[PDB]
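Protein chains in written order, with the authors' numbering: chain U, 15 to 209, 220 to 460; chain W, 130 to 357; chain Z, 293 to 320; chain V, 21 to 463; chain X, 132 to 353; chain Q, 948 to 985, 999 to 1036, 1069 to 1345, 1356 to 1374, 1382 to 1408, 1414 to 1432.
Note that beta-carbon positions come from the ideal geometry of N, C-alpha and C, so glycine has one too.
What follows is a single structure, written as structure tokens, with notes after it.
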Ligand SMILES: Nc1ncnc2c1ncn2[C@@H]1O[C@H](COP(=O)(O)OP(=O)(O)O)[C@@H](O)[C@H]1O
Ligand SMILES: Nc1ncnc2c1ncn2[C@@H]1O[C@H](COP(=O)(O)OP(=O)(O)O)[C@@H](O)[C@H]1O
């Protein structure tokens, strides 16, 4: 289930918070940023209450300060059965959708409908099967014996049951699940009978089971549109769906909530690097946030007063002032030495690397000096140098060897800046020959 | 390298069996030379090539098995009772004598691009002429590279490299040059000849001036022939 | 020994015969 | 005898068991620290625990970055999927560059599955269909069942078929006396050829003649296949292989690139995880290599920043030869090697160094001995002075005209005079530029 | 310029009798030995002996007595031109094409000179011929989007065209391609004109312009 | 007379060689030292196995795409074979969306709006727009005025499937172009005509380049059926899905009817051929090799895939022409039944497994297989050659005329160091 090697945010299991929304110094893989974690907990409670809609927040700060860490903490704290869409700023620039249509699809993918239905099922272990044919073979008669750990029974089979059991061949000792109303029968496995392997089912053979479904508004939008079927949810060619089916889906969902057959579960849309959208996308975002079915939008950006895309002026955070007028801004701060060493110790624990105290202090010093991500990349690559000399713990010599072998930004710029005749410049001028 | 068989002789009896609709076609053909006379079995393409270019009894035809080509050489029987439906004036040829079935080895050359277009989709031979081969995937080209080397190892096929000539190469983007600089290092790469009648001018796609309109990375891996 | 030929089954099918002296066409 | 092109004298990094690089091993000369860093990267890839790791090969031109990437791919072996790429490959006219980048990312992850196939095979003996009671009722097909009799080596089985398998059987144009191959996983039918039990010299379709298959008619055999995740995504996005009419018409349509949604990728990942959990499939992460990373746009870098945070991303290797270069798609962002600073923080830069005179001389020695050419000592010293004076590559690719001019004089040895004629016939960039400056009308 | 000699057999159908064989084969019915078809035209009447395979073409195109037909000599392949004018008042209400009885003899030899251009040959050889596949008729029922015709098809067209000139059958007539206001052309089209003017099959091209010392489009200094 | 024969590595053998080189952490110096000395022995038998024959380390089998299916498999007088291939990916849809958006009932207006938008307000309806129908009938020449309303309301695949070549009246605004005029001449035209040969470039390029004898080079890696949609508790969903996937008109159009069945329709039931469901719409593939994605193991790649076996096949022709009796020396038994398979394919006289008596009395036997006094033996061949004199000396001591020993070696492996 959900295969993964090691992620860069794999230690963040959620927001470390109390019952009074207070951030602990070290909980759930998150350390530091107390006010930002408290604000994200307030936003989490805003999502979990579900009584308000279409509020946009902004996470702005210096790079490598844990904005994506905060977004992953909120996403893990939401848990399952709540929609969470995470897109980047370059994803909406499509060749077969418009930008407003892609933003609309991302908006409607973040809100879902919870529908509870019950289906009666039969699941047990097959004991013995008789298939009887007549002289001409026109009529087929059959008997099936199926049991659980608590009962045993014999069923008289009709013709379509016989054709459904002859197809996808079921033998004795096979554990199967039978849906009567749809005719679909699935083989669960084989029973533990030496004389895959699944145990025998228990309880009553005929169970009424309740399954809770969650379907987004974009799925019903795709199915309700007659131009393309449900296979466009996987192939990805929806192709500029009209607004009329959206209005019908809105009215149908409203009357379903009014009747009580279905509930609305709103979610979070996370936009990462929001500064690289055009001003048309921003203008669409201003007027898409006052709809009743609009999720809570999270944007993360790290720029200063820079040029907004598609314009010729400069704006704070790369966003226009009317977009920033409808936003509440959470600001993240840079880290200290203790927080950097705690982050590096947590990354050591997640990467199964045993570190000495002096190696950890050297990593902390070179992380304060250059970058946190540089140390978090060096810690995993020092373990292979340690394993080349056949010892388990990573010592100082391995970290110094990794620091010598792999450079960082500042040393690379320093090495380039007095060797620029060997590199291609802005004018395409380079010197290849060693002499002259 | 391909191995084929040639069959030539007079036609004695053509039997063609077809369905009511006309899809399934099968039959037998009795061909005959001076010394031998055998009866063969026909297929759908055989009957299709027999129906067009109408063959009757007494005509002399040549059959190529590997190409599926039917050529009528003429007529020899000179049938008296002819129904006057056509104005055929077929030539009077002699009786072929000797072996009915002769084996020969033929050689034909195909390009690599034609193999990728043929193996790309179901009707690629149409797209070879219409030019509708839109962005063939890389896994295809890997599999044709493997099979071409395998055909080299069996002795069936060999690679004859050629020359790619690009006139007015300075009318190219810088991404084309960046692709050429790494596509020249492949195993299946021809010898590329480029021609330029330009001095130090603007390189397309950027905002600097370069010799011959080409960046220095492309000029690094090129020997230059000058003209006077 | 001589290997036997493949069996030929043409049932419920038409026939076109083109011999030296006459040409036939059997139809259902 | 063999065919060579600017490479294939490189057989690997050529390290020791402790990771220390020798001076001349595997066709490599020099670049010791770069080779040691690449060996540590090979060990990290072989560890198979890390995702989204990015290194960068920074240096001047003609320093051996593509050679080092080829050494990485040769050291890892053919089992690990290696996906070479240029920066200009991502600009496609059918789909956006973001989906092309994610297609390459999912193409760089391998998989190895052992698959069980249910196979019916044999020689067709009896082929008899049965008719329906009402064929012009429209609903339901013309036939009801088709009886097929198959025989093998010591075995004979009679099958009763539903019509849908018989449509495939008819589409392969089988007859009585043919050897067929039916698999039950997808209903695909393969027709092998005519049986050898009948006469083989009375045909006109140049068909092969196979004997009867061994074993029973009904088998279960194990097949080990090697696929990528991108093959699963493409096969699920454009479904071909079923016997329904949608997959039947999916083969006849012209193929195109669509935007694969994240739902299909998540479901493919879930099915692959279930395959791995049963001990059937194993996961082989690979290497994605991008040549000329300065040609990428700012949008592609910004999508790389989020694509490297995924949990299934492979190890990505970039190469660049740029100093302080403005990033494409921007007007003022001056950054090292043309790579924006948001990607540099997630990068481990490996620096390549320029060569020397003796290294140029011995590199020309390996390139001459891999091209089956023998040169003299004085001509070799002349070529080394050429490599220091003009270019390493100009000295490298001047060997073949020297060999041609040696062969046309009925000699085997390359002498100084052949190198002088190679000077007189072929020029380099500097002499051509000097001709261009002192020219009347852009000569 | 292509010249061709056509042999035809046209006129009103007088009789249509599939003649049976002397010894019919078992398991079959109405084994045709030959087909007797009588023709009627203006100042001409001729009965014909036909191949037995022409009966399938008679049955396919629904040819009855009184219809006027058009028989190609070598290919067979009869076709219904229409119904004769003498049967126009046969029924009260009938949706049937009525056409005049053709003039001249039933049998004639006519030399037909036909004029086509090379682009017509290219677009006719490029599209797939009349078949039973879904793709051909589906493309016939859709929007005819143009495609980049490859140089291989043009090369084979030139090869077969030269082969039929050297037999003395066909004749090549070059013409004039006149482009006026060539100031609007981009420099890429100028370079492709430079490439294309060196071809062997190229006609004469006439250009017109009304500019003086102006920059070429696509360049900022020329 | 002692000579050795060198062979070059194949592509497959080089690939398993590179896999074995990269797998055991590149201790090639230790591998060479262990070969020079003679669990590195278990390492070097794998290299010797790869250098001997690739089918011993990994047997070649049927090359087919990976089947991304969950079908009904057997966990082991006729046997039923029913198509049951599904897709592992399941899309779950609640019953409420289906029953309240797609199926008509009393509380929705699906059928009312469908009729309102398709029949009452259609502009091709002759009951309300007769002038437009008459205008279009003058324009096109359709004999029926309901043709446009029928064309506009049925799907495209249904339109192309049942399209009939009905006649059109001459008095209309549309006649035939020049290209179609050239087209209708060459429908059944034979060769050697100028107009037929000028319109048949593609078939000439087909038979000029011998395209009906070329081989397939690409097959896809994964083949999958369409994604299954699951709705629990509804038979209408199953009926609609089975009707959409297996529509009888499109399925019957892409295949053909058997000939004896057509004889039963036309003669034994009196059904005319115009009332037949029309068939033969599938496009014919390029070769017979291009009709499938399954490639059989051929008995030609087995010879070429081993360099020693290919060189032995090349060498055996000369000893067959000169009439010799050759000894093959082995070390293992997997190569014993491999050479039994190869010699039964080549149909050569070889021993079945006394040996000395059969060797002396019978001279018809060609090749004798032995694993580690024969006076009339002329040629001994060391396939998997070993350089220990205590076995080689008794090998040529065990077996009048001139005696030549042949050793087959592979370039660029342990045998060149050996
Ligand atoms: N408070 C924190 N707790 C745990 N990890 C953190 C914290 N802040 C930053 N990190 C780590 O720093 C690394 C890089 O930070 P990131 O969030 O990518 O920077 P940015 O916010 O600029 O995107 C991530 O792997 C993240 O886990
Ligand atoms: N260490 C080396 N040993 C042998 N040959 C080398 C070495 N480094 C570079 N070369 C040769 O020099 C050429 C440099 O090409 P390449 O590496 O593609 O350019 P760059 O160095 O700019 O990446 C290659 O063809 C390679 O054969």
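Measuring C-alpha to C-alpha distances from residue 344 of chain W to each of W:352, W:355, W:331 and W:194 identifies W:331 as the nearest. Contact annotation: the segment 79 to 96 of chain U does not touch the segment 188 to 204 of chain U, with fewer than three C-beta pairs closer than 8 Å. Chain Q places no beta carbon closer than 7 Å to that of residue 218 of chain X, leaving this residue out of the contacts.
At a cut-off of 7 Å between C-beta atoms, residue 388 of chain U does not count as an interface residue with respect to chain V.
Nothing from the segment 1234 to 1245 of chain Q brings a Cβ to less than 8 Å from some Cβ of chain U. Residue nearest to residue 241 of chain V within the set Q:1022, Q:1337 and Q:1218 is Q:1022 (criterion: CA-CA distance). According to the DSSP assignment, residue 321 of chain W belongs to the beta strand (DSSP E) that extends over 320 to 324.
Not one heavy atom of ligand 2 sits closer than 6 Å to the Cβ of residue 446 of chain U. Against chain W, the CB of residue 170 of chain X has no partner CB under 7 Å away; the residue lies outside that interface. Shown here is that no member of the segment 382 to 408 of chain V has a Cβ falling below 8 Å from a Cβ of chain W.
Below 8 Å, enough C-beta pairs join the segment 166 to 174 of chain X and the segment 214 to 233 of chain X to call them touching: three or more. The alpha carbon of residue 1028 of chain Q has as its nearest neighbour, out of Q:1214, Q:1285 and Q:1167, the alpha carbon of Q:1214. At the C-beta level, residue 353 of chain V and residue 347 of chain V come within 7 Å of one another. Not a single CB atom of chain W sits nearer than 7 Å to the CB of residue 189 of chain U. Assigned with DSSP and collapsed to three states, residue 224 of chain U falls in coil, not helix or strand. No Cβ of chain V is located within less than 7 Å of the beta carbon of residue 311 of chain Z. Annotated as distal: residue 136 of chain U and residue 176 of chain U, with beta-carbon spacing of 7 Å or more.
At a Cβ-Cβ threshold of 7 Å, residue 348 of chain W and residue 449 of chain V count as neighbours. Distance from residue 104 of chain U to residue 279 of chain V at the Cβ level is roughly 13 Å; contact not present, criterion being Cβ atoms closer than 8 Å. Residue 45 of chain U has its CB nearer than 6 Å to a heavy atom of ligand 1. For ligand 1, a non-hydrogen atom lies closer than 6 Å to the CB of residue 23 of chain U. Secondary-structure assignment with DSSP links residue 146 of chain W through a beta bridge to W:155. Listed by position along chain W, the residues whose Cβ is nearer than 8 Å to that of residue 1277 of chain Q are 251. Residues of chain W with a Cβ closer than 7 Å to the Cβ of residue 451 of chain U are, in chain order, 337.
Look at residue 306 of chain U: its C-beta is not under 7 Å from any C-beta on chain V. Cβ atoms of residue 1165 of chain Q and residue 1124 of chain Q stay farther apart than 8 Å, at about 15 Å.
Here residue 152 of chain U is exposed. Its C-beta has fewer than 16 other C-beta atoms within 10 Å. Taking the Cα positions, residue 440 of chain V is about 20 Å away from residue 383 of chain V. Counting the other CB atoms within 10 Å of its CB gives residue 1402 of chain Q a total below 16, which places it among the exposed residues.
Beta-bridge pairing by DSSP links residue 338 of chain V to V:76 and V:310.
Per DSSP, residue 243 of chain U is one residue of the alpha helix (DSSP H) stretching across 241 to 248.
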